[PDB]
Amino acid sequence: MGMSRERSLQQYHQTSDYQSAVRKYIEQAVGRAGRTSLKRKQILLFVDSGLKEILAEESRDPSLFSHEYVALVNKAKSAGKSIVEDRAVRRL
Amino acid sequence: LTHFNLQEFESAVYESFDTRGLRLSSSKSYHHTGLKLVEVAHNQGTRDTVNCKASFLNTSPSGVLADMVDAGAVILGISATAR
Amino acid sequence: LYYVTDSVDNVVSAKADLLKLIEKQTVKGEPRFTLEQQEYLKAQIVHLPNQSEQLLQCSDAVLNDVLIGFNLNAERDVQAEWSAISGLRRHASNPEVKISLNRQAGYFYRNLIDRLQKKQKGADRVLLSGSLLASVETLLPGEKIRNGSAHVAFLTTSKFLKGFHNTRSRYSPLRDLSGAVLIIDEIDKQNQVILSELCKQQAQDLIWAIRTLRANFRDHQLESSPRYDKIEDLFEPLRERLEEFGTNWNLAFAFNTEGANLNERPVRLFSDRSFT
Amino acid sequence: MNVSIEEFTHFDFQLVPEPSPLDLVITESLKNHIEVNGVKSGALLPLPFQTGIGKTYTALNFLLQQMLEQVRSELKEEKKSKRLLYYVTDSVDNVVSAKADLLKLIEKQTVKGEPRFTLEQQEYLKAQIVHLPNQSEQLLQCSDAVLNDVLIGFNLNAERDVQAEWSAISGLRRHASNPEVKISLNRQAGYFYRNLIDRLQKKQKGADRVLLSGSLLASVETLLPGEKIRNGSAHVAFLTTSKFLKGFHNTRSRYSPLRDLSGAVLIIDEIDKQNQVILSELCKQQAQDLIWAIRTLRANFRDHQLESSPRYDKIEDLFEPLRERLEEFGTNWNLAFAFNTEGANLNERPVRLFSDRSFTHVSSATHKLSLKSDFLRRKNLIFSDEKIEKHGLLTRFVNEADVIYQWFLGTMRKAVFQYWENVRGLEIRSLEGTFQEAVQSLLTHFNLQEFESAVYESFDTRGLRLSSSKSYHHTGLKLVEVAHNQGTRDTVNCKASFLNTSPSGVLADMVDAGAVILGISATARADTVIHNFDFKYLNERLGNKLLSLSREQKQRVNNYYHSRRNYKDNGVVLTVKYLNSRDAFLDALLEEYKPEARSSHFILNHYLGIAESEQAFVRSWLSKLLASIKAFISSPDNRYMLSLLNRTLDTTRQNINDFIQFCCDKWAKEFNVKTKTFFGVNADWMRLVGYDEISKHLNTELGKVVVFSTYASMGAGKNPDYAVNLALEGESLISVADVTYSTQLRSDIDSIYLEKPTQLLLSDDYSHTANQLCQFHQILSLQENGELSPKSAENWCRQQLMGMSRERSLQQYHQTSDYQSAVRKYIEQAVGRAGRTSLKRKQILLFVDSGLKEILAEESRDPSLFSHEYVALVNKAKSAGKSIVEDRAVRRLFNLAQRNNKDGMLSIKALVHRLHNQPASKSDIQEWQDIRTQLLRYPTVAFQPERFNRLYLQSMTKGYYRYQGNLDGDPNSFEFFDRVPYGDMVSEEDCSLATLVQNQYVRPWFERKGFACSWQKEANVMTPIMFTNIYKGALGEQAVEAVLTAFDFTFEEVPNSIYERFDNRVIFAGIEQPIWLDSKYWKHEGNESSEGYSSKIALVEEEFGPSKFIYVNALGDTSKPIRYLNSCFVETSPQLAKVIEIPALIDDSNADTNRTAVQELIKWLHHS
DNA sequence: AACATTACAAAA
DNA sequence: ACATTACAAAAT
């Protein structure tokens, strides 16, 4: 019918694919900023609070995550756990 | 194409062999069937005939990658968010 | 061997770093490769940019050599375009000139390579050796791949999907991927790059196409030479299907619409081809 | 705000300036055309107005008068469309200058001393004139504001593809450096204009059509000058010939003037040159693959149908015969298979075939090429039979395919016209408004969209169209190349290039479409078909539509020219000299140039850079040129010399220049006169410092000037005059007119040297195919006019197809009188373009290459309109007495007799072959019967025929002639008239018509049928082929039919299965078995075999069983016995014979019927 | 009443 | 063995 981009985005935001894409963008952003070996005493990360509920849903193996991404995920998860629908069951 | 007098399909055929010359059959998946969008509208310059202009996607990017792997190519994809 | 990534800058930088690695690699403290071995290794690596940048990086001497060696120096339509582009080149002002220079470079490269391929396909095929071979390999990096001088190619994803020219035709890597090795940098973005390439295909008029196929497959036949052995049997079911379909839908008539609301807006149909 | 038409209300349209005799010459001639013919008929008026007499002023005054007539009609008719006016010439510079002079004429015209037009009237008049340049120059003259307004108003400002291109071009515009940038800028302007106008037209065609008004309308009219013509704001257009032929764009489509020429007026400057210009476009057409085209037409016309709506009424019947022909052709040639070649020599070289489409066919193959369908291989193979099989030839297949393709294009034109008629009927809008929609609808109903372009160009060159008239000028030629397809080595294609008409045919089409054409040129009626239109063909085709000046009008023009160029009464003398080559003279200056050298040949070979082979040629060119220059330097009063050569003296021959320069200096020192030289004065030089330097030097320095140029460099609008400074010139100047020191004081060239023009055959550098078509067109035009015999033309065509050199083509051309006419045309133009002013020297020196003396001495036209210099040249040449030359008229008569005989010879054979092909057609029977009827009714005609022109030849005698040739052999070996004093004679007596008509039975039949009983003593008489193969047979058949009908016999029409095998079928007394008849006019040996007669009889009985066969001789001795023969033509008993032979029906001594023979025939019929 | 943008590659 | 050149327009 020819709807608008805002309505397509609203349709997309109801999927867990959207959250995975958000976390992918955050991971790339924090990874493209640690390219050297000389580090300051303190590294400050400031995050839009709307990302917190998303980043608390990271569940993959952190064996290959960067240090900044692990710090972000731990800080988000520090607020406890939130009730979410399992991706596998809904996909089933 | 010259034996069949079908030279006007030449370009089309070439493009097909670009996107489907890379090709376990009755498996069903959007990634190797694609989609089709058809517009039925009046022909240019004449107001009493119509045409059916169709745009196709015969495969998805994942289908293209699977085709390259199945064609014998060894692919090393390097990315931190590769999976 | 292919090194593929999305950006041109990453391709150029990766080739530069490979050359640096060849130059400066050491084992146990001694240099790994001698100067001759380094030169031989560097000779096997080729870079395939878009056609405009391919033309603009060739000197006027190389292009004059190519034109003289293929007897295109007297065509007028070719010499006028090349003279105009050389004049633009010697007057490279602010990018206002550069955009036009790039566009004309692309068009001239298309025309020149088309004529060169046509000349090489015929019986009066030019023999390539020495300075002419060097000039052609400078103008056509794919000729190095075709001859066997080089086997490593640095290119972008879109260039890989479209292919590159040599003296004979346009070579498509996708049709010759048996045994090749691909190193794809930033692989997850190649999904979007490939999708953008796939969504650019030309639309087809289905009524015209089916009518043409039905009209031409009704009578026309292949020759029964050994080159066409068992090829005619591949098309018989298609001929039967076409004849039955044309009988069913009355393809002798042309198509039209009538009624309300069918004129203001064209009809749009979407199909996933299975159940949507 | 723009002026309106309501301003001319108080203007008086009867007050005109005093008209010059040239204006009367135009208007008086054009009025009698409206009287004799109608107001809707076109005309062609060639006006021999020489340059400098005021021809541009006259043409522009006529154009302004037409503009005023249009304004007056609009005021009185207070909505008819405006009458279009076109000013067409070859050069862009001439177009721009003519428009500038028209605007100046509007601004500065006065009547009785008061200004003719007010400021607002002047603005309104200037608003009606438009100029149409090429698309690149059209774009580059629009400001960025206009283009931004156009893009914004059509919502193209956000498209990326358009905006990137426009940004690139705008960036290029500001950085306009040396032409290295300008060439690319022009190319990009052309491409961007293509894309932008295409998008604008697409957007205007759809429902979302932008409304144009105010600033957007002004911007669009600035970008698209044709939109002004389409709206009706303007109706006068200045454009070039090529632009006129191609057309121009408006907001809807590309407008083609050729399709809308009804009522338009064309002013064509330098008309005779346009013959060449038009040919160029005609030679640029795209080649067509005939195999692909015919296969596509056959596949798509087999099933696809048009809709039966009222818009398509009676259009399908236009295409039904083409469908039947296509299906029959496809079965005949097995178009289900693809084509290929095999054999020796068929691979190294492609096959080339040339056809004039009537009687000139040439093949590049040494042996006849055959075409065979191999069903086992499923292929169509082209063979070379190393051993006549009429069926199965490549030439037959190619000719039939070409015929079918052209038939399809013509039927598409007819269908477009019918669609326009139906649409006009329904929606009650010109032929141009429905042309594209009709083409699209027809091609999409038939699924034949790939022919779209092929249709459009055709309607350009054949939509401009007294039918059975035969002439090369409206049939054209065809060049076919059979060669392997690209990329595949087992199929071939047949690429064909066509010329469907000649430039003369195009001009005749424009005149017949309702256009009034004024062609202005001093050499407008030259006697060349190579460098001018064919005016014999134009006269034949147009009749009184081709206007001309009477003797009194010509004398008025001559008096006006003499009054403005009075030489004799003002003491101006023209001294003409003819220069021969002098070897010792050149040797002297050669030795003085390099005194250290041993011989002059060493100097030419080493110092001048002349190769030893060409030295002699140079020694003829140089020794003449210098001989003029010296004679110019020793002349005291002369200042300005122009040397017209064939080759440019640029830096490529720099060394030669030095030698000439040296000589000049020496001669200057020998005569104490300063001399300046201008070498290499060509078109590129004029684009640089632009001939104003020579004028300034003549105006400011007291020395002689010698300019070295060529014929090609001196164009129509070059104007080589300088501003006179009376201090530098003495008393040598003379005024030859009566004008009171009009504006500036200017003089012209005073001394001239003329070389013999050389490369007088046209050529095309666009491509190899275009040049081939140009050469073939020239050969065929020379054959059509009669300058070549058919044998010479066929040999020349064969050599051209083999690929000869230009020198051999020139040698072929030099043997014609067309060559001499072209030479004299070039000389006349050269001397006419050098007398453009009225201030003349005491003496005017003309130096002429002596090789021209023999040519110019053959001038024979009326010198009433020649210039003074040309008359002086002709008189000087003729001063050597008269030379014996062959008359052009009689030689053309011989050549045309041979041409007509050959054309009839081949046409009769083709028609008979088509007749002996069962099933036959109906147009073929009609053609055969019409030919016989025309010959019977008009054996000789007084006027030149129009519908059957190739059945007759023009003889020197009246009603009879002599010939000597083999009527069954080679048509190229026939001789006619006094060349064969003792030969076969064609007249009324050799056909024994007078003795035949004396009989009491044939004569009433001839009167009631209208057949001539005698031959009028006329100049047009039938060719020998028609006298022997057609006329005598018709006489015998008619005599036999009348004699038998007098005895109560009935005759019925033979059916097509046995046509031309037997003339008639006989019914008498109701005998239920069929009876077949054969008649021979007089006694002749039965060259057809008895086995052939038996074959015919068996063929007849195969379809009709037993019957009767009669072989009767119309005229002969009636005492001979009546014969009975069997099926084997052996004499047998009357009780079992099947063939009855009658030796004579009417006796040849007293014209008495053999009634006994008729009675015996009746008894024979009673015995069966 | 949702959501809220930049960037690029091959050109024909 | 002939004969013996330059110039134009519309561009696709």
Side-chain angles (χ1 to χ4, degrees), chain A residues 3-13, chain C residues 5-9 11 48-54 77 80 102-111 114 155-164 189 192-193 196-197 200, chain D residues 89-95 132-138 161 164 186-187 189-191 193-195 239-248 273 276-277 280-281 284 286 613-614 616-618 620-621 645-648 650 682-684 686-687 709-715 755-761 763-766 804-814:
Chain A
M3 52 160 156
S4 73
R5 176 134 178 107
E6 303 90 56
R7 291 293 190 190
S8 321
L9 289 164
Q10 174 191 22
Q11 290 300 126
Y12 182 46
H13 290 7
Chain C
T5 188
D6 40 337
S7 204
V8 174
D9 280 4
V11 165
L48 306 152
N50 63 90
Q51 290 170 344
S52 325
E53 313 304 349
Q54 195 41 66
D77 50 16
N102 266 122
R103 296 179 98 268
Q104 317 318 308
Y107 284 111
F108 179 61
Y109 195 95
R110 179 177 137 51
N111 288 13
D114 192 3
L155 67 181
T156 55
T157 303
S158 45
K159 188 71 188 191
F160 185 89
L161 290 174
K162 286 151 164 355
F164 41 94
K189 201 203 177 321
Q192 152 167 35
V193 177
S196 92
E197 256 88 76
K200 273 166 205 155
Chain D
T89 188
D90 41 334
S91 205
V92 173
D93 282 340
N94 301 353
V95 165
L132 306 152
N134 65 92
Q135 290 172 344
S136 305
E137 217 71 338
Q138 191 42 67
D161 229 358
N186 265 124
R187 296 180 97 268
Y191 285 109
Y193 198 93
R194 224 186 100 168
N195 301 26
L239 67 181
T240 55
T241 303
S242 44
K243 188 71 188 191
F244 185 89
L245 291 173
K246 267 138 185 326
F248 40 94
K273 207 218 162 322
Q276 153 165 33
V277 175
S280 85
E281 295 58 47
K284 273 166 204 156
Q286 261 264 333
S613 51
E614 51 178 338
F617 177 49
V618 185
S620 67
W621 139 38
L645 307 175
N646 293 293
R647 62 212 65 85
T648 293
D650 39 19
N682 55 355
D684 318 68
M686 282 152 214
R687 271 184 273 288
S709 216
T710 58
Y711 291 105
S713 302
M714 302 282 120
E755 216 191 33
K756 178 163 153 187
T758 52
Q759 303 252 8
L760 281 195
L761 267 191
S763 44
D764 216 353
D765 68 15
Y766 178 80
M804 50 161 156
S805 74
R806 176 134 178 107
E807 305 92 59
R808 291 293 189 191
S809 319
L810 289 165
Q811 175 191 22
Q812 291 297 312
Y813 182 45
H814 290 7

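What you see below is based on every heavy atom in this structure, not just the backbone, and it leaves out hydrogens, waters and symmetry mates. Here is how names work: the chains are called A, B, and so on, in the same order as the sequence lines, proteins then strands, and each is numbered from 1.
The shortest distance between the side-chain N/O atoms of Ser196(C) and the OP1/OP2 oxygens of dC8(E) is not below 4.0 Å. Close to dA11(E), at under 4.0 Å from its OP1 or OP2, lies no side-chain N or O of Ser158(C). The side chain of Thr758(D) contributes an N or O atom lying less than 4.0 Å from OP1 or OP2 of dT5(F). Remark: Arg110(C) is not in phosphate contact with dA12(E), judged by side-chain N or O atoms under 4.0 Å from OP1 or OP2. Phosphate contact (OP1/OP2 of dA3(F), side-chain N/O of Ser805(D), threshold under 4.0 Å): absent. Considering only side-chain N and O atoms, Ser136(D) lies nowhere under 4.0 angstrom from the phosphate OP1 or OP2 of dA10(F).
Atoms CZ (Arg5(A)) and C1' (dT6(E)) sit 11 Å apart, rounded to a whole Å. Rounded to whole Å, atom P of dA3(F) lies 15 Å from atom CZ of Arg647(D).
Among the heavy atoms of the strands lying under 4.0 Å from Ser763(D) is at least one base atom, whether or not backbone atoms are also near. At the heavy-atom level, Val92(D) lies under 4.0 Å from the strands shown only through sugar-phosphate atoms. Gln51(C) comes within 4.0 angstrom of the backbone, heavy atoms only, and of no base. Note on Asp90(D): only backbone sugar-phosphate atoms sit closer than 4.0 angstrom, heavy atoms only; bases stay farther off.
Here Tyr107(C) counts as stacked on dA12(E): its ring centre is under 5.5 angstrom from the base ring centre and the planes meet at under 30°.
Between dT5(F), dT4(F), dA10(F), one nucleotide has an atom nearer to the side chain of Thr240(D) than all others, and that is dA10(F). Closest contact between the side chain of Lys159(C) and the listed nucleotides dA11(E), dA6(F), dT4(F) involves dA11(E).
In this structure, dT5(E) shows a glycosidic angle more than 90 degrees from zero, which is the anti conformation.
Put simply, the side chain of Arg7(A) and the base of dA1(E) share a donor and an acceptor less than 3.5 Å apart. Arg103(C) contributes no side-chain N or O that forms a donor-acceptor pair with the base of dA12(E) under 3.5 Å.
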